[PDB]
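Asks: The structure's right below; bear with me while I get my questions together.
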Amino acid sequence: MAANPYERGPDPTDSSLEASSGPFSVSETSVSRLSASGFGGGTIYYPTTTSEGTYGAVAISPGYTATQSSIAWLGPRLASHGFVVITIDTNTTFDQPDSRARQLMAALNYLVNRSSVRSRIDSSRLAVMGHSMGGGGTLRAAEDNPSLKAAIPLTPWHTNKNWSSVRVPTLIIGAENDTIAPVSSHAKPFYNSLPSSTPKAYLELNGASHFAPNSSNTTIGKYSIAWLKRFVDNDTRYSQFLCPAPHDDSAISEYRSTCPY
Ligand code: NA
């Protein structure tokens with residue numbers, strides 16, 4: 001048995017992470033707006049199998065004026081690698097980022113305590129993600145809830161630029177040609193303010209618009225999966241994608257250098 005009891009699925013490859021689906025078949029259920037205390041409802045995507053143990057859970061928020069359909073593809077994509085994922089609707093489509101932060105946490109509370117799939121979740125291993133204002137809410141949720149295992153803001157928007165108290169491993173994905181949340185005034189200031197003592201990464205999508213996260217995207221899927229695996233599951237098999245090095249080659253037992261050059 002692996003030393004890490006949270007490892008799920010076979011050893012990853014670039015190919016397996018760029019594929020449309022991971023190794024786990026995915027089921028889905030929903031929670032109504034009425035039943036969702038503190039948020040607007042959502043769709044829950046979960047691995048059908050339970051035979052390898054419980055999974056971490058992820059709540060995902062859409063952005064301003066948007067609904068679940070703008071983030072729906074992430075549900076099956078991420079759940080098929082071994083996560084329980086809820087794509088939420090917000091109380092109103094005009095909710096601001098700090099409101100969306102509270103709703104992300106309310107959705108995780110629902111999943112862990114009241115959902116029909118709560119028995120498939122390890123409640124000690126939770127994460128937040130979101131698009132646009134939902135990505136701003138992801139940063140605020142991470143700042144206010146340091147027990148979270150990971151946070152992934154996608155083309156985030158927020159008026160607060162200072163996230164120097166965030167102690168949750170955070171991957172920010174920006175869009176090079178974003179004109180709605182320009183990376184020069186949102187994503188990059190956010191990343192630069194994060195403490196260097198917090199595990200973090202900034203990934204910028206070449207040529208991309210603000211709406212790249214709303215359609216199936218091989219790059220977003222690959223690095224989102226690797227981030228959640230590495231930090232929600234403590235799965236160091238995924239370090240190779242986040243921190244590539246020649247020693248990832250099976251022919252190379254050690255590689256040291258004064259890179260970059
Ligand atoms: Na090696």
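Chain labels follow the order of the structure tokens: the first chain is A, the next B, and so on; residue numbering restarts at 1 in every chain, and ligands are counted from 1 in their shown order.
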If you run DSSP on the backbone here, which positions in range 9-254 of chain A get strand (DSSP E)? Please write them as a ChimeraX atom specification.
Replies: /A:26-31,42-47,55-61,84-88,121-131,150-154,170-175,200-205
Asks: Once you count only C-alpha atoms and all ligand atoms, which residues end up within 10 Å of ligand 1, and could you hand them over as a PyMOL selection string?
Replies: chain A and resi 245-255
Asks: Once you have the residues from the selection above, write them out as an mmCIF file, in the first residue's frame, restricted to C-alpha atoms.
Replies:
data_model
loop_
_atom_site.group_PDB
_atom_site.id
_atom_site.type_symbol
_atom_site.label_atom_id
_atom_site.label_comp_id
_atom_site.auth_asym_id
_atom_site.auth_seq_id
_atom_site.Cartn_x
_atom_site.Cartn_y
_atom_site.Cartn_z
ATOM 1 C CA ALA A 245 12.609 18.739 -13.890
ATOM 2 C CA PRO A 246 14.861 16.368 -15.857
ATOM 3 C CA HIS A 247 14.807 13.877 -12.969
ATOM 4 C CA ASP A 248 11.166 13.161 -13.897
ATOM 5 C CA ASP A 249 12.834 11.037 -16.623
ATOM 6 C CA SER A 250 13.162 7.450 -15.422
ATOM 7 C CA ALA A 251 16.706 7.402 -16.848
ATOM 8 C CA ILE A 252 17.830 10.283 -14.586
ATOM 9 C CA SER A 253 18.123 9.571 -10.867
ATOM 10 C CA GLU A 254 19.188 13.126 -9.932
ATOM 11 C CA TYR A 255 19.412 16.501 -11.653
#
Asks: Would you pick out the contacts of residue 187 in chain A at 6 Å or less, using only C-alpha atoms, so that residues sharing its chain but fewer than 3 positions from it are not included, and give the list as a compact mmCIF listing (two decimals) with N, CA and C atoms, in the first residue's frame?
Replies:
# COMPACT_ATOMS: atom_id res chain seq x y z
N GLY A 174 -4.58 33.09 -15.13
CA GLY A 174 -4.94 34.31 -15.82
C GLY A 174 -5.07 34.09 -17.32
N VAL A 183 -5.02 40.98 -16.34
CA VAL A 183 -4.07 40.33 -15.44
C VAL A 183 -3.13 41.35 -14.81
N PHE A 190 -2.69 39.99 -7.50
CA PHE A 190 -3.08 38.98 -6.52
C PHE A 190 -1.92 38.02 -6.26
Asks: Within 12 Å of range 44-59 of chain A, which residues of range 134-219 of chain A come that close, and what is the closest atom pair and distance in Å for each? Count only C-alpha atoms and give it as JSON lines.
Replies:
{"residue": "A:134", "atom": "CA", "partner": "A:59", "partner_atom": "CA", "distance": 10.5}
{"residue": "A:135", "atom": "CA", "partner": "A:59", "partner_atom": "CA", "distance": 11.5}
{"residue": "A:137", "atom": "CA", "partner": "A:59", "partner_atom": "CA", "distance": 11.2}
{"residue": "A:138", "atom": "CA", "partner": "A:59", "partner_atom": "CA", "distance": 9.4}
{"residue": "A:141", "atom": "CA", "partner": "A:59", "partner_atom": "CA", "distance": 10.8}
{"residue": "A:148", "atom": "CA", "partner": "A:58", "partner_atom": "CA", "distance": 9.9}
{"residue": "A:149", "atom": "CA", "partner": "A:56", "partner_atom": "CA", "distance": 9.2}
{"residue": "A:150", "atom": "CA", "partner": "A:58", "partner_atom": "CA", "distance": 9.0}
{"residue": "A:151", "atom": "CA", "partner": "A:58", "partner_atom": "CA", "distance": 9.1}
{"residue": "A:152", "atom": "CA", "partner": "A:58", "partner_atom": "CA", "distance": 10.0}
{"residue": "A:153", "atom": "CA", "partner": "A:59", "partner_atom": "CA", "distance": 11.7}
Asks: Considering only C-alpha atoms, return as JSON, numbers by chain whatever protein or nucleic-acid residues lie within 9 Å of residue 108 in chain A, sequence-local ones (same chain, fewer than 5 positions apart) excluded.
Replies: {"A": [57, 58, 59, 86, 103, 113, 123, 126, 127, 128]}
Asks: Can you list, as a PDB file with C-alpha atoms, in the first residue's frame, every protein, DNA or RNA residue that comes within 12 Å of residue 239 in chain A when you count only C-alpha atoms, leaving out same-chain residues fewer than 3 positions away?
Replies:
ATOM      1  CA  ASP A  11       0.117   7.081 -11.722  1.00  0.00           C
ATOM      2  CA  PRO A  12      -0.559  10.230 -13.787  1.00  0.00           C
ATOM      3  CA  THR A  13       0.787  11.148 -17.206  1.00  0.00           C
ATOM      4  CA  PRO A 199       2.749  27.191  -2.029  1.00  0.00           C
ATOM      5  CA  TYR A 223      -3.100  22.073 -14.022  1.00  0.00           C
ATOM      6  CA  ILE A 225      -6.236  18.535 -11.525  1.00  0.00           C
ATOM      7  CA  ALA A 226      -2.530  18.511 -10.664  1.00  0.00           C
ATOM      8  CA  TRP A 227      -2.983  21.294  -8.115  1.00  0.00           C
ATOM      9  CA  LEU A 228      -5.924  19.632  -6.369  1.00  0.00           C
ATOM     10  CA  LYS A 229      -4.162  16.259  -6.379  1.00  0.00           C
ATOM     11  CA  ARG A 230      -0.947  17.691  -4.963  1.00  0.00           C
ATOM     12  CA  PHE A 231      -2.562  19.676  -2.158  1.00  0.00           C
ATOM     13  CA  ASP A 233      -4.609  14.625  -1.620  1.00  0.00           C
ATOM     14  CA  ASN A 234      -0.993  15.447  -0.640  1.00  0.00           C
ATOM     15  CA  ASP A 235      -0.280  13.457  -3.814  1.00  0.00           C
ATOM     16  CA  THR A 236       3.349  14.104  -4.733  1.00  0.00           C
ATOM     17  CA  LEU A 242       3.769  21.642 -11.297  1.00  0.00           C
ATOM     18  CA  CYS A 243       7.565  21.591 -10.846  1.00  0.00           C
ATOM     19  CA  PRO A 244       8.952  19.745 -13.880  1.00  0.00           C
ATOM     20  CA  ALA A 245      12.609  18.739 -13.890  1.00  0.00           C
ATOM     21  CA  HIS A 247      14.807  13.877 -12.969  1.00  0.00           C
ATOM     22  CA  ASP A 248      11.166  13.161 -13.897  1.00  0.00           C
TER      23      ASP A 248
END
Asks: For residue 65 in chain A, which residue out of A:133, A:84, A:101, A:142 is the nearest one, using only C-alpha atoms?
Replies: A:133
Asks: Report as a ChimeraX atom specification all protein, DNA and RNA residues lying within 6 Å of range 28-32 of chain A, evaluated on only C-alpha atoms, omitting residues in the same chain fewer than 2 positions from it.
Replies: /A:34-35,41-45
Asks: Include N, CA and C atoms and write out the residues we just selected as an mmCIF file, in the first residue's frame.
Replies:
data_model
loop_
_atom_site.group_PDB
_atom_site.id
_atom_site.type_symbol
_atom_site.label_atom_id
_atom_site.label_comp_id
_atom_site.auth_asym_id
_atom_site.auth_seq_id
_atom_site.Cartn_x
_atom_site.Cartn_y
_atom_site.Cartn_z
ATOM 1 N N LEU A 34 -33.798 25.943 -2.735
ATOM 2 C CA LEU A 34 -34.438 25.928 -1.425
ATOM 3 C C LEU A 34 -33.645 25.100 -0.422
ATOM 4 N N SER A 35 -33.186 23.914 -0.826
ATOM 5 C CA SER A 35 -32.472 23.049 0.105
ATOM 6 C C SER A 35 -31.081 23.576 0.430
ATOM 7 N N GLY A 41 -28.116 26.735 -4.694
ATOM 8 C CA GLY A 41 -28.226 25.400 -5.245
ATOM 9 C C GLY A 41 -26.977 25.029 -6.016
ATOM 10 N N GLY A 42 -26.991 23.825 -6.567
ATOM 11 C CA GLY A 42 -25.838 23.386 -7.329
ATOM 12 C C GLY A 42 -26.023 21.977 -7.839
ATOM 13 N N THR A 43 -25.088 21.583 -8.695
ATOM 14 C CA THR A 43 -24.982 20.222 -9.193
ATOM 15 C C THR A 43 -23.736 19.598 -8.584
ATOM 16 N N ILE A 44 -23.883 18.386 -8.063
ATOM 17 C CA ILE A 44 -22.798 17.659 -7.417
ATOM 18 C C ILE A 44 -22.355 16.552 -8.364
ATOM 19 N N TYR A 45 -21.070 16.548 -8.705
ATOM 20 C CA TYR A 45 -20.455 15.504 -9.516
ATOM 21 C C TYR A 45 -19.555 14.677 -8.610
#
Asks: A:140, A:186, A:81, A:200: which is nearest residue 169 in chain A, counting only C-alpha atoms?
Replies: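 Of A:140, A:186, A:81, A:200, the one nearest residue 169 in chain A is A:200, counting only C-alpha atoms.
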Asks: So the first atom is CA of residue 172 in chain A and the second is CA of residue 203 in chain A; what is the distance between them in Å, to one decimal place?
Replies: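 Calculated distance between CA of residue 172 in chain A and CA of residue 203 in chain A is 6.3 Å.
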